[PDB]
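S.K.: Chains B and A supply the protein sequences, listed in that same order.
Going left to right, the first sequence walks through residues 6 to 64, 69 to 215, 231 to 356, 361 to 428 as PDB author numbering numbers them.
Going left to right, the second sequence walks through residues 0 to 64, 69 to 557 as PDB author numbering numbers them.
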Amino acid sequence: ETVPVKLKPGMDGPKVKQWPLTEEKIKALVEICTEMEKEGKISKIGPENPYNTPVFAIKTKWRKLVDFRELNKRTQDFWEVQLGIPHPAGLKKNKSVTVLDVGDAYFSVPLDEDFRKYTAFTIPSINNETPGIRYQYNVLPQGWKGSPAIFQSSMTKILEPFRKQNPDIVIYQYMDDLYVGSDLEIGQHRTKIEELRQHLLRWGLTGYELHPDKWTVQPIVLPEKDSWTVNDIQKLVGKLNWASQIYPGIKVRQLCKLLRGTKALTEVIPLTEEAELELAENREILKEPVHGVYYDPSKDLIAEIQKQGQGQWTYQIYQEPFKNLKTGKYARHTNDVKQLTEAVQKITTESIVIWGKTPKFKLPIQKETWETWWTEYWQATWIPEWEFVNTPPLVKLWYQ
Amino acid sequence: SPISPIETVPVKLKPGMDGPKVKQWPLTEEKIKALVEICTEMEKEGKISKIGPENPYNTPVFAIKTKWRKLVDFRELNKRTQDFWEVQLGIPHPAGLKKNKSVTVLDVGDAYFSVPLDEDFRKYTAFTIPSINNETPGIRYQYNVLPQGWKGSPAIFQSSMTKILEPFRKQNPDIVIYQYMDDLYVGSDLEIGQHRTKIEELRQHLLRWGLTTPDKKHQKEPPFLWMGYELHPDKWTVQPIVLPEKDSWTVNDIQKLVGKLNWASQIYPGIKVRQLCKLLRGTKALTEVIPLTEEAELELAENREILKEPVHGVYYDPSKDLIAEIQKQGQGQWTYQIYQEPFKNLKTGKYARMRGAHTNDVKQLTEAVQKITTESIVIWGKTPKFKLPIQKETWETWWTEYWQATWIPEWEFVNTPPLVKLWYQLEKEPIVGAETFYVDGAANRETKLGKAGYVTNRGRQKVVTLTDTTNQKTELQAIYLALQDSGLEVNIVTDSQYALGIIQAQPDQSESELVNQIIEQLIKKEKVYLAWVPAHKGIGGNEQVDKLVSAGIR
Ligand SMILES: Cc1ccnc2c1NC(=O)c1cccnc1N2C1CC1
Ligand SMILES: O=c1c(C2CCCC2)c(O)c2cccnc2n1O
Ligand SMILES: [Mn+2]
Ligand SMILES: [Mn+2]
C-alpha cells in the first residue's frame, strides 16, 4: 500500500529548468538511471508530463543528486505539519555526532501513483543534439522531504532494538541522513556506530564525524594595542558603534572624547584611562551569548557569509537582522568557490544539528559563477536555498 | 498517406475544465462546398470521422484561399488542454556539431496527420460544417490524428518520432540523427555507397511506422538552410547577410541592422554594435528617421569591412581541447573567438553587459569569461582553456583583495593590447605629511537642495550648494571636492558606506558622470587613503563638516 500525498491547496507541481551539465556528468547520470530503470525505481515518461525538477551528479563513485527544493516547498504541509519529524535538543550538546547516509532505504517503499508525476526529471544532451531523457519516480526518491516523513514508522521499527539497548544515544533523521550523537569516549562511540550499521544492514540500508559540544561563540575581537594613532581610534569606535547594535549595553562615549577637533590621522595620541572601563567591559559582553535572542520555529533561518582572505570566511546565522543565533568561521589547492561551497555545507549541517532545518544563504558570489561550479565541490545529499548578494564593505572587518 | 501504428499519448483537459463549446459562424456557400470536399477526402484518408449530434463539443472552422484550405480555430481547446513538456530546451549550435563525410535531410510528409490522437480526447476536437444558411443540421466531424494548431501536437509528434527512431539508433549508434519539427538530419562517416544505402534502411524503417520520406532524387543537397545558418558537412556559416546602403535610416532599418550584425557576430570576428544601439534609446516610431552619429558611421564602416569577405566556422573535434581568446575592443566592448587548432574558429562572439552602475575591466573580463564558460558547457559539454589580456599578477592581486568569490578555469596571459589593468589603488595605511580631509553631504528631500563640503586638519574649509541632488550624490560631491583641492597625497574620511564601497572596488567606468570625475581625480593622485567613520558619534572633524553642510538643509 501507498500513503496518499497531495500538494498545498491551489498549487501544482514544479516546473524548474534543467541546468547545463558537463559531458562526464551526463554520461554518469545515464549509467545511473539506466540501472535504476532496470530495477523499477524509475520509469521513462511521455510529453503529457509537463513537470520538471533539476538533476545533478556529485561525488570516487558518481552519485545522482536531484534538486527537490521546489517540490519540497510545494509539499511543506505534508512533511512538516502532517508527518513531521521531531528535532531533539540534546544533539547539539553531544560530545560526538556521526552522520550516516540512509537514503538507500527509500527505494524499498512505493510512491503514491497520483504523485509520481511531480517527481519528473530530465537528463539533458550536449548541444541539445537529442531530446532529453525523461523519467519519474516509482519509489520514495532521495532528496524529497516527504520520503523520511513516510519512512518514519519503518525507521522507528529498525532502530527500536538499538535505542532500547542504548537509551543515552540520540538518533535524529533529517532527509537522507541519520545523525547519531553520544557522550561516550570516541572509541566507544565509533564501536556503537558500527553496531548501528549492522542493524541497518539487516534492512538493506548502509561516517562523517562532528563534535558539537566544542562549537563555541565567535566573538567580535577588539584589538589590544599600545600606542594608538587617530586612524586606529576611528577604526575602533566604528567597530564598537556597530557592535552596540547587536550587543545590549556597549558604550563608546569615552573613546570619542580623544577625537575632538580636526586632527591628522597619523598623529599618535596617548589614551586617557576613562575609556578602559568601556574597552574592558565591552569585551565581557562580546564573549557572552546575546541576551534576549531566541530561535523562533515559525521563522526562516538566514545565513550571511563574508570572505576574509587567506582562505578564511566568517558567517552569521539569524532570523531577524542583528539578532545573531550563531556566529563562526571557516578556514582552509583551494579556490574561492571551493572554499565557499565547503563553508555552506559546514554551516548547513551545524544548522541541521542545532535547529533541525537549513538556512537560506546570502552568497558573496556572481550567480552564474556559483551555478557552474557548485556541483564540482558539493558532497551533501541536501541543497539549501540561496541568494546572491553584495557584501556590505564594513561587515567584513567588523567580524574579522 | 499512412497513419502511424505507434501507441497513443494520453491527453487530459486542465483540471476543473470541460471541452470547448464555441458555436459555428454561418459560412458562404463557396466556403461550405470547399470544406465538404476537403473533409470527405480527409475522412477517406482516416484523418477525421463523422459523429452525431450527441457530442456537445464544437470548435469553429473557416475556409481560406485556386485551391482552398481548412482552418480550425483551436484557441478555445488550447486554453482548456493540459500543459505538456517543452518541445526543446534549446537548439544545437553549429559549432558543437561534429564533422561528417555525408549528411542528408529527410522531411516527413504531412507530419501531424501521420500520428494518431488519444481516442478519449478525440471528442473534444469536434467541428461543424454549417449547412446553407440556418436550415439543415451541419456535418459533424472529429479528429483521429494530431490536429494542426492544437496545443499538444508539436510535443506528441516529437515524442512519437523519438520512439520510432529508438530501435534504429540503438543498432546504428555511430550514425547521428537530429530531430527538428518535420525534418530529420542524418549524418555518418560511412563511404558514399553505404551512406545512401543506410538512408534507405532508415526510410524503410520510417515507412514501416507510417512515415513517408523523400527518395534520392527528391532529397535536398548541401548546404542546408536551417535556423539562420548555412550548413555543410565540412563547415558552417550564417546565412547571407546584406547590409543595405541607405541615404536615410529609420528606427525600423536600424533595428534590423543591429539584428543582422548581432546574428553575424557568431562567426564574423570583431563585429561592433554599441554606437548603432545608442541611436535606438528612448527612440520614436519605427518610421522616424535617425541621423547617423559620426561614431555610428565609423562603426557601420568597420562592420562592412568585416563582412566584405565570406567567413566560415569549423566543426568540433571531441579529442581536442577548446581554446577561448578574449580581446578588449573599447570601453564596455569585448570580443572573443573559440578554436581548437590556432585561428580556425569554431565560433566567435561578443560581450558588452554592464553588471552594476560602476565597474572596472578586471570585473568585466571575469564576467566575459563566465559567459563563455556557460556557453561552452551548453555547446560542447566542457570548459575551454582561456587566453586573456591580463597579467597573472594583476588578476592575482584583484581576486585576493576583493570581497566577492570567483573562479576562472585554466587560463594563460596573452600579450594582445589593450591589456587589462587597474588605474589606481587605495592605501592600506594613512599617509604621513598629507592633509586630512573630513567630508560630508546633506540633502533636503522636499526641495532636492543640498550641500557638499569639507574641513581639514590644516583648518581649511569649503561648502558648495547643489540644486537637484540626493543624499548619495552629496557624499560623492563632497569626496570630489576634497580630491580637487587636496594635492598629490591625501587622507579622506567619509561617513558614507555607499561612497566607500564604490571607490574601494577600483572602478574605471561608471553610469554616473560624478563618479567618472572622481575616477579621473584618483588617477591623477599619487597616494589616497579613504577611511570610514560612523555618522553623528561626536567624531572630531566629522561633526564639523556635518554642522557645516546641514546648515539650511536639515
Ligand atoms: C540542422 C542540423 C542540426 C543538428 N545537427 C545536424 C544538422 N545538420 C547538418 O547539416 C549537419 C552538418 C554537419 C554535421 N552535423 C549536422 N547535423 C547532424 C545530424 C547530422
Ligand atoms: O547626517 C547624516 C545622517 C543623519 C541624518 C539623520 C540623523 C543622522 C545619517 O544618518 C547618515 C548616514 C550615512 C551617511 N551619512 C549620514 N549623514 O551624513
Ligand atoms: Mn554623511
Ligand atoms: Mn552628516
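Beta carbons are placed, not taken as given, at the ideal position from N, Cα and C, and that holds for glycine.
1. Going by DSSP, what residues sit across from residue 352 of chain A in a beta bridge?
2. Indicate the three-state DSSP secondary structure (helix, strand or coil) for residue 155 of chain B in the structure shown.
3. In terms of alpha-carbon separation, which member of B:120, B:144, B:80 and B:99 lies closest to residue 12 of chain B?
4. To the nearest angstrom, how far is the alpha carbon of residue 381 of chain B from that of residue 240 of chain B?
5. Can you grab the Cα-Cα spacing for the pair residue 26 of chain A / residue 80 of chain A, in whole Å?
6. Quick one: give me the first and last residue of the alpha helix (DSSP H) that residue 399 of chain A is part of.
7. For the alpha helix (DSSP H) containing residue 525 of chain A, list its first residue and its last residue.
8. Return yes when the Cβ of residue 3 of chain A is within less than 9 Å of the Cβ of residue 150 of chain A, no when it is not.
9. Check whether the Cβ atoms of residue 444 of chain A and residue 552 of chain A sit closer than 9 Å, and answer yes or no.
10. Going along the chain, which unbroken runs of the alpha helix (DSSP H) with 4 or more residues stay wholly within the segment 120-200 of chain A?
11. So is residue 19 of chain A buried or exposed if we call it buried at 16+ other beta carbons inside 10 Å?
12. Listed in chain order, which residues of the segment 528-539 of chain A have Cβ atoms closer than 9 Å to some Cβ of chain B?
13. Skipping 5 residues on each side, what residues in its chain have a beta carbon closer than 8 Å to that of residue 122 of chain B?
14. With three or more C-beta pairs closer than 8 Å as the rule, is the segment 282-301 of chain A touching the segment 251-262 of chain A?
15. Would you be able to state if there are at least three C-beta pairs under 8 Å between the segment 16-26 of chain B and the segment 40-48 of chain A?
16. Determine the contact status of residue 493 of chain A and residue 438 of chain A, defining contact as a CB-CB distance below 9 Å.
17. Do residue 125 of chain B and residue 145 of chain B have their CB atoms nearer than 9 Å?
18. Kindly indicate if chain B contains any beta-carbon less than 9 Å away from that of residue 87 of chain A.
19. Let me check you understand the geometry: is the CB of residue 122 of chain B closer than 8 Å to at least one non-hydrogen atom of ligand 2?
20. Would you mind working out which of A:463, A:383 and A:323 sits nearest residue 345 of chain A, comparing C-alpha positions?
21. Give the straight-line distance between the Cα atoms of residue 128 of chain A and residue 180 of chain B, rounded to the nearest whole angstrom.
22. What residues in its chain sit with their C-beta under 7 Å from that of residue 268 of chain A, if we drop five residues either side in the sequence?
23. In this structure, does DSSP put residue 86 of chain A in helix, strand or coil?
24. Less than 7 Å between C-beta atoms, sequence neighbours within five positions excluded: which residues of the same chain meet that for residue 106 of chain B?
25. Indicate whether the contact test is met: 3 or more Cβ pairs, each with one atom in the segment 325-332 of chain B and one in the segment 383-398 of chain B, closer than 8 Å.
26. Using CA coordinates, which residue listed in A:36, A:145 and A:90 is at the minimum distance from residue 164 of chain A?
27. Consult DSSP for residue 110 of chain A and reduce its assignment to one of helix, strand or coil.
28. Please report the straight-line C-alpha distance between residue 549 of chain A and residue 481 of chain A, rounded to a whole angstrom.
29. Chain A partners of residue 290 of chain B, CB-CB under 9 Å?
30. Counting beta carbon pairs with one atom in the segment 102-110 of chain A and one in the segment 211-228 of chain A, are three or more of them shorter than 8 Å?
31. Going by C-alpha distance, which of A:348, A:408 and A:340 is nearest residue 366 of chain A?
32. For ligand 3, is there a heavy atom less than 8 Å away from the beta-carbon of residue 566 of chain A?
33. Does DSSP put residue 411 of chain A in a helix, in a strand, or in coil?
34. What's the gap between the Cα of residue 458 of chain A and the Cα of residue 496 of chain A?
35. Within the 9 Å Cβ cut-off, does residue 343 of chain A reach chain B?
36. Tell me which same chain residues have a C-beta within less than 8 Å of the C-beta of residue 46 of chain B, skipping the five on either side of it?
M.R.: Reading from the atomic positions:
1. A:339
2. Correct three-state label for residue 155 of chain B: helix.
3. It is B:80 whose Cα lies nearest to the Cα of residue 12 of chain B.
4. 14 Å
5. 21 Å
6. Counting along the chain, the alpha helix (DSSP H) containing residue 399 of chain A begins and ends at 395-404.
7. 516-527
8. no
9. yes
10. Whole alpha helix (DSSP H) segments, 4+ residues: 156-173.
11. buried
12. 532, 534, 535, 536 and 537
13. 7
14. yes
15. As far as the Cβ criterion goes, the segment 40-48 of chain A does not touch the segment 16-26 of chain B, which means the pair count is below three.
16. In this structure, residue 438 of chain A lies closer than 9 Å to residue 493 of chain A by Cβ.
17. The answer is yes: Cβ separation under 9 Å.
18. yes
19. no
20. A:323
21. C-alpha separation (whole angstroms): 58 Å.
22. 274, 351, 352 and 353
23. coil
24. For residue 106 of chain B, where only same-chain residues beyond five positions count, the Cβ hits under 7 Å are 100, 188, 189, 190, 234, 236 and 381.
25. yes
26. A:90
27. strand
28. 11 Å
29. For residue 290 of chain B, the residues of chain A that pass the 9 Å Cβ criterion are 432, 433, 434, 435, 436, 437, 439 and 494, in the order they occur in the chain.
30. yes
31. That would be A:408, whose Cα lies nearest to the Cα of residue 366 of chain A.
32. With chain A covering only 0 through 557, there is no way to say anything about residue 566 of chain A.
33. coil
34. 10 Å
35. Contact of residue 343 of chain A with chain B is not assigned, every C-beta pair being separated by 9 Å or more.
36. 116, 146, 147 and 148
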